[PDB]
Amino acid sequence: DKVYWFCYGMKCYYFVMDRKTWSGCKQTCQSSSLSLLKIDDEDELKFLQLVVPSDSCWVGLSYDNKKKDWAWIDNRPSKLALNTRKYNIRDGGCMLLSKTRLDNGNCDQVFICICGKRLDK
């Protein structure tokens, strides 16, 4: 896989330029000791939207059908205020990040992945 990456502040970002299912992306990231991207705040969201490669990208936020609610990959909250009711499972249970939007899409469809790594861990 071709990889577009860089580090900014205390985190590094790896864009896997191969389209995979949400699950495929989660597997691809932890297989390389990374995690499907977790967005920590509004500022990180705006920054990432500036560098997204003109496409929709899988990030680590998804719907849990048994808890009936959205949860980040690490199963912990984010300072990024999100009203999970604004995403209807009708449009999918996985989250996508594009240059001007953050929206849910079909978990089984394929999109590039954004893997993240924290340096200050």
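One-based numbering along the sequence shown.
Stretch comparison (7 to 15 versus 109 to 117) by mean CA B-factor in the PDB entry places 7 to 15 on top. Taking the mean C-alpha B-factor of each stretch as recorded, 68 to 76 and 45 to 53 are not equal, and the higher mean is that of 68 to 76.
Based on the entry's C-alpha B-factors, the most elevated value among 29, 39, 82, 94 belongs to 82. Ranked within its chain, residue 59 lands in the lowest third, by CA B factor from the PDB record.
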